[PDB]
Every structure is written in structure tokens, then in C-alpha cells.
Amino acid sequence: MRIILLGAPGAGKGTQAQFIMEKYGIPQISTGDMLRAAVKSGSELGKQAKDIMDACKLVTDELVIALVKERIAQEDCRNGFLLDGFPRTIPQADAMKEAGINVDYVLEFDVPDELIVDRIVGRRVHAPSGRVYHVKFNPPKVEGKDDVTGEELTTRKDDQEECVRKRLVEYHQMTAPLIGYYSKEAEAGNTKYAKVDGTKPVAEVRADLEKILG
Ligand SMILES: Nc1ncnc2c1ncn2[C@@H]1O[C@H](COP(=O)(O)OP(=O)(O)OP(=O)(O)OP(=O)(O)OP(=O)(O)OC[C@H]2O[C@@H](n3cnc4c(N)ncnc43)[C@H](O)[C@@H]2O)[C@@H](O)[C@H]1O
Ligand SMILES: [Co+2]
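The sequence shown begins at 1 in the entry's author numbering and counts up by one.
See the structure below:
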């Protein structure tokens, strides 16, 4: 099973990807997580994203396309995968189409802009696994600790309010057109498209998605 998650920054894609990964046994491909990992480890493929993410700008299509191709070519992706934050632009989506990377579901997370800022300020992350929590809306079982490893959670470096707003502007300019892109694909029978209300509680969004995936 191959899935794309579409949605604005902070819409909850990473949150719901964990449940889909757990239940269907497919790896999460989060280009944001992969880029931050490459910066932290100084990997030749990705370390260039340091200054770009710090400026709250998008990374070149060329770099993330290469990262995704490398990641997809791994053993754990022959049985499907979930794309989280990719594709982010029309060229990235065209790059998948050119490579024959068809997908079974495209799932759009609808969240009003006005909710994004308050979500990000409360976000806490477990960098090794990409698991994310919210101190108010989705807290860990123990404050400041990852539910899985018990390790101390951190805050992402690019989560200042000004940076979130810059990322939302880029989303609407560059990424929102993917709604129509994949709606057209679904109308041609190439994928299943579904829009979910991302303002519901986490467990309810999970249930709505479970009803789609089966
Ligand atoms: N393909 C690409 N091309 C170019 N550049 C790329 C790229 N991919 C990455 N990059 C670069 O990398 C940077 C970061 O990318 P990325 O890592 O993708 O971050 P982002 O774009 O800011 O999106 P988020 O990860 O913040 O949103 P999310 O949907 O995962 O929300 P989450 O589940 O965390 O939830 C957010 C918060 O809300 C909470 N929450 C979740 N669900 C709910 C709910 N139902 N109710 C209440 N709160 C909730 C969570 O607890 C959490 O605290 C970009 O700026 C870009 O430069
Ligand atoms: Co995310």
C-alpha cells in the first residue's frame, strides 16, 4: 500500500502516519525528518538543507527528489510506503509520475490556517523516530518523554511563530496546488482521494482514516 499525505504545515501528517505505519507495516517517508537527520549527521546528501530550513524556505526539488529515490530503493519499501511532506511541489509530483511511482491513496488533511501557529508552539518531538506530541492537544504519557523510548523530547529549531507563518505562505503558494493535481489523478482512476477534517481529536482523525484504508 502506497499513501501520500497532503496538508499544511502542522496539519497532523506525522501524527497520523505513525498509526498507519503501525497497523499496515509500511515505512514512513518524511522528507522533513530525513533532511533534519542529514543535517545532524552531516550526510553529503541532505546537509545542504541546514541554512534553507533555518530560513523557513523550501529545499530544492532536486535534493528532496534524490533523497526520496534513495529511500524508496530500500528493502522496506517493496511492500508499500507512506509519503509525508513529499511531494511538496508540482515538479516533485511530476517526478514521481515520470518514475512510475503510483500511489493507492492520497489523503488530504484540512486544518484552518488560524490553528497552525498554536499547534506548532506546543509541539515536542522525538528526533530519532520522528514521533511528535503536543503539550496541550496530544501530550505524552509522561511529560517531556517519548512514549516508546522514554527519552527526553525536544523542540524543533524552526518552530518560532515567524517561521511557521513563512512556511504557511510557501504551502499555499507551492503545495496547495497538489490538491487539484491528485484530485485529477483520482478522477482518472489512478488513486483514491479523500479529505479528512483535521480539527477533530487525534483519535477521531485516526478512525476517519481507518475507515478509508480498510
Ligand atoms: N518535499 C520537500 N520539498 C522541499 N522541502 C522540504 C520537503 N520536505 C521537507 N522540506 C523542508 O523541511 C522543512 C520541514 O518540513 P516538515 O518536517 O515536513 O515540517 P512542516 O512542513 O513544518 O510540517 P510539520 O511536520 O510541522 O506538519 P505535520 O503535518 O507533520 O504536523 P504534526 O503531525 O507534526 O502535528 C503538528 C502539531 O499538531 C499536533 N496535532 C496533530 N494532530 C492533532 C489533532 N488532531 N488535534 C490537535 N493537535 C494535533 C501535534 O501533536 C503536533 O504538535 C520544510 O520547511 C522544508 O524546508
Ligand atoms: Co511532520
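Cβ coordinates follow ideal geometry from the N, Cα and C atoms, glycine included.
Exercise for review: Specify the secondary structure class of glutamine 160 as computed by DSSP and reduced to three states.
Suggested key: Secondary structure at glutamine 160: coil, using DSSP grouped into helix, strand and coil.
Review point. Helix, strand or coil: how does DSSP classify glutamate 108 here?
Key: Assignment of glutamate 108 by DSSP, reduced to helix, strand and coil, places it in the strand class.
Exercise for review: Give me the Cα-Cα distance between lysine 69 and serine 129, rounded to the nearest whole angstrom.
Suggested key: Cα to Cα, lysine 69 sits roughly 20 Å from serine 129.
Exercise for review: Pick out whichever of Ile116, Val106, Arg123, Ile65 has its Cα sitting closest to the Cα of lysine 192.
Suggested key: When the alpha-carbon of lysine 192 is set against those of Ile116, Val106, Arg123, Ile65, the nearest one is in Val106.
Exercise for review: Return the chain-ordered list of same chain residues with a C-beta closer than 6 Å to the C-beta of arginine 206, the five sequence neighbours on each side being excluded.
Suggested key: If we look at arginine 206 and ignore the five residues flanking it on each side, its Cβ neighbours are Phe19.
Check your understanding: Quick one: Cα of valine 148 to Cα of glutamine 16, how far?
Key -> Between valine 148 and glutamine 16, the C-alpha separation is close to 16 Å.
Point to revise | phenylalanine 19: first and last residue of the uninterrupted alpha helix (DSSP H) it sits in | key: Element bounds for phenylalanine 19: 13-24.
Check your understanding: Mind checking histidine 126: buried by the 16 CB within 10 Å criterion, or exposed?
Key -> Counting of Cβ neighbours within 10 angstroms places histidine 126 among the buried residues, the total reaching 16 or more.
Review point. In its own chain, which residues sit with a C-beta less than 6 Å from the C-beta of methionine 174, not counting the 5 before and 5 after it?
Key: Excluding sequence neighbours, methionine 174 sits near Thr89.
**Study point:** Near ligand 2: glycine 85 beta-carbon under 7 Å from a heavy atom
**Key:** In this structure, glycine 85 has its beta carbon less than 7 Å from a heavy atom of ligand 2.
Practice item. Count the CB pairs spanning the region 91-101 and the region 56-72 that are closer than 8 Å, and state whether there are at least three. Key: Contact between the region 91-101 and the region 56-72 is present, because at least three Cβ pairs lie under 8 Å.
Check your understanding: Alpha carbon to alpha carbon, what distance is there between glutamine 160 and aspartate 54?
Key -> Rounded to whole angstroms, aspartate 54 to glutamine 160 spans 10 Å at the Cα level.
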